[PDB]
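All remarks here apply to the structure that follows.
Computed from the coordinates by the stated procedures, all read-outs in this text should not be read as laboratory data. Every residue, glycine among them, receives a Cβ derived from its backbone with ideal geometry; neighbour counts consider all protein chains shown.
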Amino acid sequence: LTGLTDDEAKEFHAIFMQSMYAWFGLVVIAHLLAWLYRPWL
Amino acid sequence: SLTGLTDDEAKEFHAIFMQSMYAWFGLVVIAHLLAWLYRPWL
Amino acid sequence: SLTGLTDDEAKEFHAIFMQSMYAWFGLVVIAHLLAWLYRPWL
Amino acid sequence: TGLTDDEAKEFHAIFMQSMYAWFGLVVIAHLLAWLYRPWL
Amino acid sequence: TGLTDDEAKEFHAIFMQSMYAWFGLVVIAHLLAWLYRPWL
Amino acid sequence: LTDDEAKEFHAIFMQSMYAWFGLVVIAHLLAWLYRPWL
Amino acid sequence: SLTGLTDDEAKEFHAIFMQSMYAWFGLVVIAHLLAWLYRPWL
Amino acid sequence: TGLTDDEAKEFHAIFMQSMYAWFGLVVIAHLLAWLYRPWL
Amino acid sequence: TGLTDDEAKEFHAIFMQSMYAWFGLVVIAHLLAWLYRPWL
Amino acid sequence: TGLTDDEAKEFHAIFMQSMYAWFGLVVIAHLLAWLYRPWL
Amino acid sequence: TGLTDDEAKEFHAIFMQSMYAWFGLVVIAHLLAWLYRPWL
Amino acid sequence: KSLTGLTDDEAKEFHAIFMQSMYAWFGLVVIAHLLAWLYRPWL
Amino acid sequence: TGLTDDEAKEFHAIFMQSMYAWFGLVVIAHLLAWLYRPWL
Amino acid sequence: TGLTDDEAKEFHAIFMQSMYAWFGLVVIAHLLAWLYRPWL
Amino acid sequence: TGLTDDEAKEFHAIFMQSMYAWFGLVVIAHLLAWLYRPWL
Amino acid sequence: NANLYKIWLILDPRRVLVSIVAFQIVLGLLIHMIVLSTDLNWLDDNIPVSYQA
Amino acid sequence: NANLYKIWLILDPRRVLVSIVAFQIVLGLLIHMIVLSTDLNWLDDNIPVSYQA
Amino acid sequence: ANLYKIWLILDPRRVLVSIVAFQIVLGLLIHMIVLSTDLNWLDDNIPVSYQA
Amino acid sequence: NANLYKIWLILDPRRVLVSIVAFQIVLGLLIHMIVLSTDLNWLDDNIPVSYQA
Amino acid sequence: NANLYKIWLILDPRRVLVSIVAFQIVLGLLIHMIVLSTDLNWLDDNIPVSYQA
Amino acid sequence: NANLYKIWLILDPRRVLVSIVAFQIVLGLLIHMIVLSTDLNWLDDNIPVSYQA
Amino acid sequence: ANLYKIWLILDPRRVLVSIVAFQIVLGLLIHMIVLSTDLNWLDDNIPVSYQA
Amino acid sequence: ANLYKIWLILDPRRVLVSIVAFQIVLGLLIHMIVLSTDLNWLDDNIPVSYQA
Amino acid sequence: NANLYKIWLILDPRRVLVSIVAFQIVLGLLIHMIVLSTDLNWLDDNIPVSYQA
Amino acid sequence: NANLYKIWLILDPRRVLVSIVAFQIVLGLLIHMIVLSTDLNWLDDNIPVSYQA
Amino acid sequence: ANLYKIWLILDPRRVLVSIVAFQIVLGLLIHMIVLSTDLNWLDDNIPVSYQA
Amino acid sequence: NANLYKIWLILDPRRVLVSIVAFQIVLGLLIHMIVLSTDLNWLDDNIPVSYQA
Amino acid sequence: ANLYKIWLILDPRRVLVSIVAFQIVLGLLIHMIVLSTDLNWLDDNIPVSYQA
Amino acid sequence: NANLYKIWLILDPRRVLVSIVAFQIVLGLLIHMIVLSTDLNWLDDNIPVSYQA
Amino acid sequence: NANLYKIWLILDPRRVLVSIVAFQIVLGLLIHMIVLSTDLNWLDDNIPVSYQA
Ligand code: BCL
Ligand code: BCL
Ligand code: BCL
Ligand code: BCL
Ligand code: BCL
Ligand code: BCL
Ligand code: BCL
Ligand code: BCL
Ligand code: BCL
Ligand SMILES: COC(C)(C)C/C=C/C(C)=C/C=C/C(C)=C/C=C/C(C)=C/C=C/C=C(C)/C=C/C=C(C)/C=C/C=C(C)/C=C/CC(C)(C)OC
Ligand SMILES: [Ca+2]
Ligand SMILES: [Ca+2]
């Protein structure tokens, strides 16, 4: 369909998951800092 | 077939679809339980 | 036929459609019973 | 329409049966509504 | 219209019968309405 | 259409028009009997 | 000619047209006489 | 226009006669109007 | 225009005659209007 | 324009004559207007 | 423009003469206007 | 050859006539502005 | 994209280098802005 | 652009000279304006 | 682009030098503006 | 005249019938609306009895 | 004149009939509306009796 | 006697569709018109008023 | 003039007749409307009697 | 009549069914809104009790 | 001049006649309106008598 | 007994898509309608008002 | 002496049509302009007012 | 039923996934706005403490 | 210069003449309006006498 | 397990250009929704008011 | 420079001339209007005498 | 590790022209949002008021 | 640099010249209006003397 | 890095230069307007002296 073999899909999934986890970690750190500064709940 | 999928591909897609849907529903349930613990609405 | 389906495919689709429709109606009935228990309107 | 005689007869029979069932459901609903909130 | 004489005769007969039935229902409904809420 | 078709159509047309006019006249007579306007 | 009609057809059409126009004018005159008898305006 | 000489002569004669008749009718109508409602 | 010399001469003669007649009618009408309702 | 020398000469002569006549009419009209209603 | 040298010379001469005549008329008109209604 | 199709001599002649006309126009403008200043000073 | 492996590698290297430089400039600017006009 | 090396050199020289002359005129005009109506 | 490697080198050198000159002019102008109207 | 039927050799019966039906329906609607707005109104005239009071 | 019928060799009978019918209908509607707006109105004039009172 | 020949001129399907559509639109229009007068059967507080 | 009929060798009779009819009808309507707006009105002038009173 | 089924040799069943479904849905919505706009409303009638209080 | 008729070898007679007729009709309407709007009105000036009073 | 033949008349995919879309739109509409009445459950200060 | 050669450049038909149209429009415009000023001859009650 | 997976032989998986994602995102935004507009608001309710005062 | 006539080997005489005529006419109209809008007006200045009084 | 096959259905490039554009439009929205509330950090006069 | 005339081998003389004349005419009109709108007006300044007396 | 392969999926030029244009439109936004606040540096009469 | 002239092997001289001329004219007009709208105005400032009054 | 010059193997130098020039001009105009709208104005500041008064 998209012209990707099995190995290419495996590699893309691996790097996609790693990058998504790093981005979510940055988001979590920023939200922890915001809660420390200005709690909203 | 209309979608061009065989039987085995349909079975595999259905299995993965159901698993992912159940995980999403579990996350939604947990979030709603937390919201009820914080701010009851009923 | 006008839809390109055979007789057996029609039977199978009708059976699954009826089963799914009955399940959906049961869910709706349960939800409405809960709503009536909480907030009667009539 | 391209239908033959037998297909027309079968379609008419099923159409009549379904229409009668729908009208019966409507009549029951209107009886319940009249029992709850008369309007005339 | 591409209709033969016999087809025209049959269609006219059924059309007349259905129209008479519809008019009968209409006059029955109007009789009931006059019985309930006279307007003249 | 030919001449005979025209003659037949004219006959039926005139008959139907006369029937319609008679119905209209009866309705107007009833309306005058109920609610005169002149 | 321009309309594709011969001489005899033109003569017949003219005769019938004149007859119909005179009848229509007679009806109009009768109606106006009745209206003047009912509601004079001058 | 494609007309010949004789056709032009005939059309001119009939046109003039009809125009004169129309003008006569107009004059009669205006005389009747002046007898009823003078404006000048 | 595709007109020959003789056709142009005839058209000019008739045009001049008709224009003079129209101007005469206009002059008569303006004389009557001045007699009735002077404006200057 | 496709005109030759002689045609241009004739057209110029007639144009000049007509324009002079028109200017003369305009001058006469303006003299009458000044005699009636001076503006300066 | 497709004009030769002689045609350009003739057109320039006539154009200059006509422009000078127009400017002279304008100057005369402005002298009359100043004699009537000075603005400066 | 050239973008506008003119030759060298044609360009020289056009430049000479253009410069002459532009100088004449500027002289007329200067005279008009001197008259305007003599009549209605603005500065 | 039509890029080979080596082109992609060199792309990534100098992309990272220049992005780090831009981050350094932004951080310095924000540090001095905080030194001047604190907002939190 | 289709220009050769020598054409580019000549155009650059003339462009620079003209730009310098324009800037000189601008500077003189701004000096006169400052002498008349200072703004700073 | 279609540029060879050497053309890229030369364009980069000239572009960098011109950009540095432009930034120097900007810095001088901003020093003058700070000397006249300090804003911070 | 006696040859009035020849009008059908000039006009088209189908278009005539369709035009007649449409014109009659529109005219009936228009006349009912016009009479409804005058003093001859029969619906909103409280005869034989007012039902909203 | 005696040759007036030759007008039908110039004008198309069908178009003439259609135009006559349409013009007569529109004129009838227009005159009825115009007379309805004057003091010659026959509907809203309370004659013989007023039915809304 | 020969009225059925009207079906040799008019197409039955178009006639039927037009009849159905016209009847539905007429029914809606007449119900609205009777609703707007004092013959209204909904807002007449008969037999009883339910909002009060 | 004797040779006036040649005007029909330049102007098409059908167009002339159609234009004449249309112009005359429009002019008649216009003049009737103009006269209705003045004090020469014959409908709304209470003559012979006023029917709305 | 006994031959009423022949109505299916004239009308297409698919279009008939689709039209029936769409018309019934639209009619149901319209009638529910019409009943809501009157004094037969069952939502804003404070029965059995008023909950915004 | 004696050759003025040659103007018909330059201008098309039919267009000239049509333009003349149209311009004259429009000018007549315009001038009648202009004189109507001024103090020289002849319709609404109560002469000889006023028919609305 | 022979109702399944409706699937030889109507296309299953279009029917399914229409059903899903209609159900979603109807759910949203009914939720808004119930919100606009006095059966509102969000803005009714039950069990306790949180803005006061 | 060669002014007639102006007809070897300009088309006589366009010149005549433009002249006629421009003269008619100018006449209408000037009549309006003089009619709107103090030189009006229609609304000046001379020789006598006719509406009074 | 035991043959529910056959729903993927008539419905295209890619379109289903794209529609699901878009609908879920739009629904999330809409529900968050709706809860924000009521008295269940958590941002503008001065809890735990007002920060602009 | 002595070669100024070569300006006619660059610009088309017909377009130049048409542009000159149109520009001069428009400029004349504009200047007459502008002088009319000031206190140099010669029409509405009651000189020699006022004709509306 | 076999979730990596989701890239044999969806297109990586369109997925990566859709995540970026959505998260920049979400970021700008969630920052303007918290600036219109009692949590604004720019117009809160803390640490000190600078126009006064 | 000495070769300034070469500017005519890149720029088209006719377009330059047309642009020059159009720009100069528009600039003259604009500057005359601006001078009129200021205190330097020469028409509405009652010099030498006021004629609308 | 193997992140450099992201340039065998995404086109460089469309990306380098997208980073520039976004960072210039963000520059003008984050500067007009800090000028509508109590942090404005131009209309704040510090260091002195020049139009007074 | 010594190879700056090569900028003319990239940019078309004619477009550059036209853009420069147009931009300079527009900028001159804009700056003249901007200075004219401030208190540095030289036309409407009654210096050296007011001419209207 | 040391291979930064290869940036000219993607971006067309002509387009880059045109974009840079246009952006710089627009930014200069915008910044001059923004500084004019604040209290850092140098035209309407009555320094060194007010000239209108
Ligand atoms: C005070 C006023 C009177 C009144 C005075 C009159 C008078 C007077 C007339 C009508 C006529 C009609 N009135 Mg009524 N009418 C009143 C109030 C109503 C009300 C109402 C809700 O109040 C309705 C629905 C009607 C409806 C009707 C129609 C049945 C008919 C116009 C049909 C048409 O346009 O044919 C156009 C359609 C066609 C030509 C299509 C061809 C025929 C088709 C195939 C069948 C048509 C059905 C036919 C009309 C049936 C009529 C037979 C009976 C007389 C009803 N009236 C009140 C009570 N009414 C007219 C009539 O009776 O015509 C016979 C008529 O002259
Ligand atoms: C105070 C005013 C009078 C009045 C004064 C007049 C006068 C005066 C006239 C009419 C005429 C007409 N009036 Mg009336 N009329 C009044 C109020 C009404 C009312 C109403 C509800 O109040 C209605 C519906 C009508 C209707 C009519 C039409 C029958 C007719 C319009 C002719 C037309 O347009 O056809 C034009 C259509 C065509 C030419 C098409 C060709 C022929 C077609 C195929 C058939 C036409 C049918 C024909 C009109 C019927 C004639 C028989 C008449 C009943 C005598 N009148 C009141 C009471 N009325 C006119 C008339 O009688 O014409 C004969 C007429 O001169
Ligand atoms: C005071 C006013 C009365 C009232 C007086 C009347 C009168 C009088 C009539 C109606 C008629 C009707 N009324 Mg009711 N009606 C009232 C209030 C209502 C209310 C409501 C919410 O209050 C509704 C929804 C209706 C609806 C109806 C329809 C059943 C019918 C419209 C016919 C039609 O349009 O089909 C047109 C469609 C077609 C012709 C298509 C062809 C046939 C199709 C395929 C099937 C049609 C089904 C048919 C309508 C069913 C008829 C059975 C009847 C219930 C006996 N009424 C009140 C109580 N009503 C009419 C009627 O009874 O017709 C028989 C009629 O004459
Ligand atoms: C105080 C004002 C006077 C008045 C002062 C004048 C003066 C002055 C003139 C007219 C003229 C006309 N007036 Mg008047 N007129 C008055 C009130 C009216 C009223 C009205 C309802 O009150 C009407 C309808 C008219 C109508 C007319 C036209 C007959 C004519 C303009 C024709 C035209 O435009 O030709 C344009 C059409 C063409 C050129 C087409 C070619 C000719 C065609 C074939 C036939 C045209 C008809 C022709 C005019 C017949 C003239 C015969 C009689 C003299 C009427 N007048 C009042 C009473 N009227 C003008 C006129 O008489 O012209 C001769 C004219 O000079
Ligand atoms: C006083 C009013 C009650 C209330 C009374 C009811 C009643 C009564 C009903 C609902 C129903 C629903 N309510 Mg509720 N509901 C309330 C407030 C809410 C709030 C909120 C923020 O306040 C939300 C988000 C919802 C949301 C919902 C949905 C889960 C559901 C409608 C789904 C739909 O349209 O399917 C349409 C979509 C399809 C047909 C697509 C096919 C199925 C797809 C694949 C999956 C759909 C998810 C399915 C609905 C899951 C339901 C399981 C549980 C019962 C939740 N309600 C309050 C508390 N609500 C209905 C329901 O439960 O349906 C089962 C229902 O009958
Ligand atoms: C205080 C103002 C005076 C007045 C002062 C003047 C002055 C001054 C002039 C006119 C001129 C005209 N006036 Mg005047 N005029 C007055 C009131 C009127 C009234 C009116 C209802 O009050 C009308 C309808 C007119 C109409 C006319 C036209 C006859 C003519 C316009 C020329 C034109 O446009 O042709 C342009 C058309 C063309 C060039 C086309 C080519 C020629 C065509 C084929 C034929 C044209 C016919 C020609 C105009 C007739 C000339 C004879 C004149 C009666 C002397 N005047 C009042 C009384 N009038 C002008 C004139 O007389 O021109 C000779 C003129 O200079
Ligand atoms: C009270 C509110 C707090 C605040 C609380 C938070 C919270 C909580 C969060 C942020 C987040 C962000 N804040 Mg903050 N933030 C505040 C004030 C600001 C102000 C300002 C002028 O007031 C600015 C300019 C910013 C800027 C930012 C962004 C750097 C970021 C938005 C991410 C995004 O949309 O990327 C969208 C673009 C993409 C998704 C592209 C895909 C991935 C790319 C490659 C990574 C993008 C670059 C990344 C964002 C840089 C991170 C470095 C940070 C400086 C830590 N904040 C105030 C002081 N801010 C979010 C964040 O930090 O994300 C990391 C976040 O969760
Ligand atoms: C208080 C303000 C001063 C004033 C201060 C200044 C200052 C400072 C400057 C001007 C400049 C100009 N002023 Mg000034 N100016 C004032 C009021 C005026 C008035 C007026 C009616 O009040 C007018 C018409 C002008 C007109 C002019 C132009 C001559 C010139 C605009 C340059 C341009 O746009 O060309 C741009 C066009 C091009 C680049 C196209 C290329 C070349 C073209 C083909 C020829 C250009 C001709 C050139 C302008 C000639 C100038 C030489 C002389 C020194 C006049 N000023 C008042 C008195 N003015 C500028 C200038 O002198 O430039 C040299 C300038 O720096
Ligand atoms: C308090 C505010 C100060 C002021 C503070 C500043 C500051 C700070 C700066 C300027 C700059 C500029 N100012 Mg300043 N400026 C003031 C008032 C003015 C007034 C006026 C009528 O009041 C004008 C017309 C200007 C105009 C100018 C331009 C010369 C220049 C804009 C750069 C540009 O857009 O080019 C961009 C165009 C390009 C990049 C195209 C490429 C190069 C082209 C081919 C040539 C450009 C010419 C270049 C600008 C010449 C500059 C040399 C001299 C320093 C003048 N200023 C007042 C007095 N101004 C900027 C500057 O000097 O840049 C060097 C700058 O940094
Ligand atoms: C091919 O040629 C052959 C061989 C056949 C020979 C034939 C040659 C012939 C027949 C040649 C004929 C030539 C003719 C007849 C030429 C005529 C030329 C004319 C009449 C020229 C006139 C020119 C006038 C000019 C250019 C005037 C210009 C004035 C200007 C631009 C004034 C501007 C003023 C302004 C903008 C003021 C503004 C301020 C205010 C306030 C007024 O704004 C409203
Ligand atoms: Ca803060
Ligand atoms: Ca500051």
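Take X:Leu9 and tell me if it is over 25 Å from V:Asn45 (Cβ atoms), hydrophobic (A, V, I, L, M, F, W, C), facing another protein chain (nearest Cβ under 8 Å) and free of Cβ contacts under 8 Å to residues at least 60 places away in the same chain.
yes
Which residue out of O:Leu3, O:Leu35 is away from ligand 10 (no atom under 16 Å from the Cβ) and surrounded by 10 or more Cβ atoms within 10 Å (Cβ to Cβ)?
From the options O:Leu3, O:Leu35, the qualifying one is O:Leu3.
Which residue pairs have Cβ atoms closer than 7 Å, lie 6 or more positions apart in sequence or on different chains, and pair a first residue in region B:22-42 that is without any contact (Cβ under 8 Å) to a residue 40 or more places away in the chain and at positive phi with a second residue that is surrounded by fewer than 10 Cβ atoms within 10 Å (Cβ to Cβ) and among the aliphatic types (A, V, I, L, M)?
Here the result reads none, with nothing in region B:22-42 linked to a residue that is surrounded by fewer than 10 Cβ atoms within 10 Å (Cβ to Cβ) and among the aliphatic types (A, V, I, L, M).
Among what's in region AB:29-43 and is within 9 Å of chain AD (Cβ to nearest Cβ) and surrounded by 13 or more Cβ atoms within 10 Å (Cβ to Cβ), pick the residue that is farthest from ligand 11 (Cβ to nearest atom).
AB:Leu42
Counting only residues that are at the interface with another protein chain (Cβ under 7 Å from one of its Cβ atoms), surrounded by 14 or more Cβ atoms within 10 Å (Cβ to Cβ) and assigned to a helix (DSSP H, G or I), how many does region Z:1-15 have?
Counting residues in region Z:1-15 that are at the interface with another protein chain (Cβ under 7 Å from one of its Cβ atoms), surrounded by 14 or more Cβ atoms within 10 Å (Cβ to Cβ) and assigned to a helix (DSSP H, G or I) gives 4.
For region P:20-51, what are the residues that are surrounded by 13 or more Cβ atoms within 10 Å (Cβ to Cβ), more than 9 Å from chain Q (Cβ to nearest Cβ) and either farther than 30 Å from G:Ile16 by Cβ or of a type in the set (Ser, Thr, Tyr) (or both)?
Listed by number, the residues that qualify are P:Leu36, P:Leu43, P:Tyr51.
Testing K:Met19 on (1) within 18 Å of Y:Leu11 (Cα to Cα); (2) touching a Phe, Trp or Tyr at 6+ places or on another chain (Cβ under 9 Å), one condition comes back false. Which one is that?
Every condition holds for K:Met19 apart from (2).
Could you list, ordered by first residue, the pairs with Cβ atoms under 6 Å in which the first is in region AC:28-47 and over 19 Å from N:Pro38 (Cβ atoms) and the second is outside any helix (DSSP H, G or I) and away from ligand 9 (no atom under 11 Å from the Cβ), at least 6 apart or interchain?
AC:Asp44/AA:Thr38; AC:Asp44/AA:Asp39
For region J:11-18, check the following and say yes or no: at least one residue is hydroxyl-bearing (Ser, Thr, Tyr) and surrounded by 10 or more Cβ atoms within 10 Å (Cβ to Cβ).
Yes, because at least one residue in region J:11-18 is hydroxyl-bearing (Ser, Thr, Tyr) and surrounded by 10 or more Cβ atoms within 10 Å (Cβ to Cβ).
Got a sec? Which of AA:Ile25, AA:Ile34, AA:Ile47 is assigned to a loop (DSSP other than H, G, I, E, B) and over 19 Å from N:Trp22 (Cβ atoms)?
Testing whether each residue is assigned to a loop (DSSP other than H, G, I, E, B) and over 19 Å from N:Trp22 (Cβ atoms) leaves just AA:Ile47.
Does W:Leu26 satisfy the criteria of being closer than 19 Å to Y:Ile25 by Cα, within 14 Å of chain J (Cβ to nearest Cβ) and either in a loop (DSSP other than H, G, I, E, B) or within 16 Å of ligand 11 (Cβ to nearest atom) (or both)?
Answer is no for this residue.
Please work out if Y:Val16 is in a helix (DSSP H, G or I) and within 25 Å of L:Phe14 (Cα to Cα).
In short, yes.
Do we have any residue at all in region L:11-34 that's in a loop (DSSP other than H, G, I, E, B), surrounded by 10 or more Cβ atoms within 10 Å (Cβ to Cβ) and over 16 Å from the mean Cα position of the chain (by Cα)?
Looking for residues that are in a loop (DSSP other than H, G, I, E, B), surrounded by 10 or more Cβ atoms within 10 Å (Cβ to Cβ) and over 16 Å from the mean Cα position of the chain (by Cα), one finds none in region L:11-34, hence no.
Taking G:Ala15, is it surrounded by 12 or more Cβ atoms within 10 Å (Cβ to Cβ), within 11 Å of ligand 2 (Cβ to nearest atom) and either free of Cβ contacts under 8 Å to residues at least 60 places away in the same chain or at the interface with chain Q (Cβ under 10 Å from one of its Cβ atoms) (or both)?
No.
Does K:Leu31 qualify as being away from ligand 9 (no atom under 16 Å from the Cβ), in a loop (DSSP other than H, G, I, E, B) and on the phi < 0 side of the Ramachandran plot?
So K:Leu31 does not fit the description; no.
Looking at (1) more than 30 Å from Y:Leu40 (Cα to Cα); (2) within 8 Å of chain W (Cβ to nearest Cβ), which one does J:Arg37 not meet, given that it meets all the others?
For J:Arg37, the failing item is (1).
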